[PDB]
2 protein chains.
Amino acid sequence: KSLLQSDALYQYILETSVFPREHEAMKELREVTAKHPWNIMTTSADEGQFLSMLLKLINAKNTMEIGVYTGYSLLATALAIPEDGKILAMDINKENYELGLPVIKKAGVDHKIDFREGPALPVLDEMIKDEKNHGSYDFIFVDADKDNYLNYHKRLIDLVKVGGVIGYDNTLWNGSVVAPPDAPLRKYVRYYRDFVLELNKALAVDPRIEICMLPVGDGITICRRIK
Amino acid sequence: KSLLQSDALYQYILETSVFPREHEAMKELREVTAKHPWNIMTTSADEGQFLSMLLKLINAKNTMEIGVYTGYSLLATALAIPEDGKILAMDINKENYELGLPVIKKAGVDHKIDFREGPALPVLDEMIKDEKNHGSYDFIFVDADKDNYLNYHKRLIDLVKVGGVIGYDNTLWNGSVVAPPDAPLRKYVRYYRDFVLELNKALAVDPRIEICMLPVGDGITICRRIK
Ligand SMILES: COc1cc(/C=C/C(=O)SCCNC(=O)CCNC(=O)C(O)C(C)(C)COP(=O)(O)OP(=O)(O)OC[C@H]2O[C@@H](n3cnc4c(N)ncnc43)[C@H](O)[C@@H]2OP(=O)(O)O)cc(O)c1O
Ligand SMILES: Nc1ncnc2c1ncn2[C@@H]1O[C@H](CSCC[C@H](N)C(=O)O)[C@@H](O)[C@H]1O
Ligand SMILES: Nc1ncnc2c1ncn2[C@@H]1O[C@H](CSCC[C@H](N)C(=O)O)[C@@H](O)[C@H]1O
Ligand SMILES: [Ca+2]
Ligand SMILES: [Ca+2]
């Protein structure tokens, strides 16, 4: 499904302004991932498109991605930044990431990726210690945990440079953010919902950012750092 | 009703993300447009936060807006852009712009507008003749008639620079692709739908732009000039 009113309206967007003219690598990678069990987590085609646009408009060169899985967001990012662009990609799994690496290599853009297996927080905390790392990223995409976003934000905010833009994914958490107090939902969406709601409030009240909640994909809250 | 799944989901977006850090008077100017005698149509609360973010992101200074009325997206652009640059607030035909100019003046940002009246189609053709007005606008939002988009795009594409970004409101026309010839839709919509459907197919194929169709309010197609 999607966050729109109908599955046909959403499809219309895909069939008319997304699929036609979409590199191909995305087409491939999207096929590889379709056979994988947890394919429900893969970023949507329209959201990959929005990221591509966004990345181009802000001339992002140096970026970071938390939550890689298979590689869709990554691929999109690597194809959008310049030939000398760099991406610090973090994910706890890694078998998954290599499932799509063949494609990224076939698209000849795997050279921009610096993959690091393991939990993101530790690594983040380490970067924070070196002052030269502060404000060194143009773009940071967070599509991981959820019950860890607020924690990421604490340090991501000093690592994003004023230029800004930090993207939090699934901010509308399958609409469960306004679901009827009596319509049981899957155990995990029920769990992460308290976190997302919590995340949203903190974000809407953070003086250091700008924020915009786009209902593309499962919702991305785009944060522009102002200081 | 919006384009999202529910009305609550849409409100959740406005309650938490918009109204809180919403700009000053955007609520004034929006409660003014509610006083308008014709009520005519859609005045989305989320376009402001979106336009604001997009403009600061692309660092727009020299902008142009075609299609005012009250000036809600105009106020946004005026407040969002810097005190420096100006907004060639192209025009509209009626003076509903008058109906809202006091707020855009009260928020001391009107000193950036260059409002004009009567069809812009002429002004553009005139602007084009000079081989310098070519690619001088950093951003152009078009919320004009509807059947004139295609026509505007013709000239408009020569006036924006590299990224440029041309935006077209209602490009999703409250739900274009509805049930085939058996939908109880007001003739007024079906009439304009046609232009939209074609405005979309056309923009989707133009090889000088990248485009991205966002479900913000009534749909906004962001275009990025590449050639
Ligand atoms: C960063 O990456 C990440 C991303 C994500 C993204 C998650 C997403 O969901 S985004 C969306 C992607 N996939 C999807 O689009 C959706 C997946 N599944 C569905 O949509 C889906 O078809 C469905 C949720 C299972 C169906 O829900 P539903 O709304 O159709 O059904 P329901 O539960 O409300 O059923 C209600 C009715 O069912 C009947 N019912 C009664 N008991 C039951 C029951 N135990 N089960 C089912 N139906 C029941 C009753 O008639 C009930 O009505 P009433 O009047 O309350 O008695 C997670 C991470 O963990 C990450 O890390
Ligand atoms: N603490 C943590 N640190 C790093 N990665 C984590 C993590 N907790 C979960 N993850 C990972 O976050 C991943 C993101 S899945 C969604 C994003 C992906 N770029 C796509 O578009 O397909 C999960 O697959 C999981 O392995
Ligand atoms: N030729 C034209 N030029 C400019 N505005 C026009 C127009 N024809 C109609 N309009 C007005 O354009 C209105 C849409 S205004 C859409 C809202 C958006 N926030 C914005 O302010 O840009 C119509 O309701 C109508 O009354
Ligand atoms: Ca996601
Ligand atoms: Ca409109």
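Residues numbered from 1 in each chain as written, not as in the entry; some residues may be left out. Chains lettered and ligands numbered in written order. Heavy atoms only, no water. Residues with missing side-chain atoms left out of burial classes, pairs and counts.

- Its PDB header attributes the entry to X-ray crystallography and lists the resolution as 2.70 Å.

Thoughts on the interface of chain B and chain A
- Between chain B and chain A, the contact holds 44 residues from the first and 39 residues from the second.
- Both sides together, the interface formed by chain B and chain A hides about 3600 Å², and carbon and sulfur atoms give 68% of it.
- Contact with chain A buries surface across chain B, with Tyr12(B), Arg21(B) and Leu57(B) losing the most and accounting together for 19% of the total.
- Our count for the chain B to chain A interface comes out at 1 salt bridge.
- A salt bridge links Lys56(A) to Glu210(B); its shortest N-O distance comes to 3.5 Å.
- Where chain B meets chain A, there are 15 residue pairs in polar contact.
- Of all elements in the fold, only helix 1 (7–18), helix 3 (46–57), helix 8 (187–205) and strand 5 (212–214) of chain B reach the threshold of two or more residues within the side of chain B that touches chain A. (Contact = heavy atoms within 4.5 Å. Buried area = accessible area lost by both parts, 1.4 Å probe. Salt bridge = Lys/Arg side-chain N within 4 Å of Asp/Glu carboxyl O. Polar contact = N/O pair within 3.5 Å; in protein donor to acceptor, adjacent residues only side chain to side chain. Helix = DSSP H or I, 4+ residues; strand = E, 2+ residues; numbered from the N terminus.)

Some details on the site of ligand 2
Residues and elements named next belong to chain A.
- The environment of ligand 2 is made up of 17 residues, and the closest members are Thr43, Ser73, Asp91, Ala120 and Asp143.
- A distance of 2.7 Å separates an oxygen atom of ligand 2 from a polar side-chain atom of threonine 43.
- Between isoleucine 92 and ligand 2, the recorded distance is 3.3 Å, taken from a backbone N or O atom to a nitrogen atom.
- Across the shell around ligand 2, the residue classes break down as 8 nonpolar, 5 polar and 4 charged. (Near = heavy atom within 4 Å. Nonpolar A, V, L, I, M, F, W, Y, C, P; charged D, E, K, R; others polar.)

Some remarks on the pattern of salt bridges
All names here are of chain B.
- Counting across every chain of the model gives 18 salt bridges over all chains.
- Measuring nitrogen to oxygen at the nearest pair gives 3.2 Å for the salt bridge that ties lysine 112 to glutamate 83. In this pair, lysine 112 sits in the loop between helix 5 (101–106) and helix 6 (121–129) while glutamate 83 sits in the loop between helix 4 (72–80) and strand 2 (87–91), placing the two residues 29 residues apart along the sequence.
- The closest approach of N and O atoms between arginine 208 and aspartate 158, which form a salt bridge, is 3.8 Å. In this pair, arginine 208 is assigned in the loop between helix 8 and strand 5 and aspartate 158 in helix 7 (residues 149–159), connecting sequence segments 50 residues apart.

Notes on the coordination of the calcium ion (ligand 4)
All names here are of chain A.
- For the calcium ion (ligand 4), the full set of protein donor atoms is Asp143 (OD), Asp143 (OD), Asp169 (OD) and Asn170 (OD1), at a range of 2.3 to 2.9 Å.
- Between the donor residues of the calcium ion (ligand 4), the gaps in sequence give the motif D-x25-D-N. Highlighted residues: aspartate 143 in the loop between strand 4 (139–142) and helix 7 (149–159) and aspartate 169 in strand 5 (residues 166–169), separated in sequence by 26 residues.
- Assessed through its relative accessible area of 16%, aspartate 143 is described here as buried. (Donors = N, O, S within 2.8 Å, 3.2 Å for Na, K, Ca; no water. Buried < 20%, exposed > 50% of the residue type's maximum accessible area, 1.4 Å probe, protein only.)

Considerations on the packing of aromatic side chains
Residue and element names in this part refer to chain A.
- Taken as a whole and judged by the stated rule, the model has 17 aromatic pairs over all chains.
- Their ring planes at 35° and their centres at 5.6 Å tell us that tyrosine 149 and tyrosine 168 sit as a pair that is tilted. In this pair, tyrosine 149 is assigned in helix 7 and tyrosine 168 in strand 5, connecting sequence segments 19 residues apart.
- For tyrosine 149, a relative accessible area of 2% translates into the label buried.
- Taking the centre distance of 5.1 Å and the plane angle of 85° together, the rings of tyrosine 191 and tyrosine 192 count as edge-to-face.
- Given the relative accessible area of 43%, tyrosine 191 is considered partly exposed.
- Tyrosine 192 sits in the partly exposed class, given a relative accessible area of 22%.
- One aromatic cluster is present, built from ring pairs that chain together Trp173, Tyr188, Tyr191, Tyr192 and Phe195. (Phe/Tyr/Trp six-rings, centres within 6.5 Å; stacked < 30°, edge-to-face > 60°.)

Things to note about helix 7 of chain A
- What helix 7 of chain A keeps buried is the set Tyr149(A), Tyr152(A), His153(A), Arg155(A), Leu156(A), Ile157(A) and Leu159(A).
- The secondary structure elements touched by the buried residues of helix 7 of chain A are strand 1 (62–66), helix 6 (120–129), strand 4, strand 5 and helix 8 (187–204) of chain A.

As for the coordination of the calcium ion (ligand 5)
Residues and elements named next belong to chain B.
- At the metal site, the calcium ion (ligand 5) is ligated by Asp143 (OD), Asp143 (OD), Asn170 (OD1) and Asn170 (ND2), and these contacts range over 2.4 to 3.2 Å. Of this pair, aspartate 143 sits in the loop between strand 3 (139–142) and helix 7 while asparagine 170 sits in the loop between strand 4 (166–169) and helix 8; the two residues are 27 residues apart in sequence, bridging distant segments of the chain.
- Note on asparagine 170: relative accessible area 9%, which makes it buried.

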